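Everything below concerns the one structure shown next.
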Amino acid sequence: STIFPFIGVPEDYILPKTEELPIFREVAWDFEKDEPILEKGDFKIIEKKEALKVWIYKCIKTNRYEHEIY
Amino acid sequence: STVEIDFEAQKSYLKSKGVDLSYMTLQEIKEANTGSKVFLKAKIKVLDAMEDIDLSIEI
Numbered sequence: 002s003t004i005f006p007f008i009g010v011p012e013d014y015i016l017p018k019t020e021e022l023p024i025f026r027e028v029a030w031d032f033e034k035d036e037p038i039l040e041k042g043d044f045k046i047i048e049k050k051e052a053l054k055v056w057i058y059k060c061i062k063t064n065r066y067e068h069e070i071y
Numbered sequence: 296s297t298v299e300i301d302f303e304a305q306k307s308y309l310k311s312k313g314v315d316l317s318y319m320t321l322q323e324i325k326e327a328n329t330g331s332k333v334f335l336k337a338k339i340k341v342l343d344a345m346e347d348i349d350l351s352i353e354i
């Protein structure tokens, strides 16, 4: 809370972290039946590209101003 | 699109009237007198409005 990094950062000072997004994860969804998927009696979680596919499908399938919640 | 003289119809009409078609040539078949009757043909293709969308998404 003491340093003034706007002109330059002190040489001893270490940056706390680099800012990155966590691993994208989403509940798995099947497209031919339009349901969430149950695995061993529980919801199955996928990650990264498949989760992005699920999100993209849901985003394309909805209308813009139709729903009050969005 | 195309519009043309109907050759087969003229040939059939001339055959029915009884004219000998073997001796005459194709130009003479096209330009033969038919007696108040005209035969034509045409080709068109009719457009339709868009009502479905098929998206192929890559990754």
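Just so you know, the protein sequences line up as chains R and C, in that order. Going by the UniProt record's numbering, 30 is the number at position 29 of the first sequence; the sequence numbering is gapless. Going by the UniProt record's numbering, 323 is the number at position 28 of the second sequence; the sequence numbering is gapless. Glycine is no exception: its CB is placed at the ideal position from the N, C-alpha and C atoms.
Below 7 angstroms CB to CB, which residues in the same chain sit around residue i once its five sequence neighbours on both sides are set aside?
i             : result
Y71 (chain R) : none
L53 (chain R) : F25
Is the distance from the Cβ of residue i to the Cβ of residue j below 7 angstroms?
i              : j              : result
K49 (chain R)  : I38 (chain R)  : no
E299 (chain C) : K336 (chain C) : yes
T297 (chain C) : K338 (chain C) : yes
Just curious, the alpha helix (DSSP H) that residue i is in, first and last residue?
i              : result
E323 (chain C) : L321 to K325
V55 (chain R)  : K50 to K62
Starting from residue i, trace the beta strand (DSSP E) in both directions and tell me its first and last residue.
i              : result
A337 (chain C) : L335 to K338
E27 (chain R)  : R26 to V28
Output needed for residue i: all residues of its chain with C-beta closer than 6 angstroms, excluding positions within five of it in sequence on either side, in chain order.
i             : result
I47 (chain R) : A29
Under 8 angstroms: do the region 11-30 of chain R and the region 41-58 of chain R share three or more Cβ pairs, one atom per stretch? yes
Is it a yes or a no for the region 345-352 of chain C touching the region 305-322 of chain C, going by three-plus beta-carbon pairs under 8 angstroms? no
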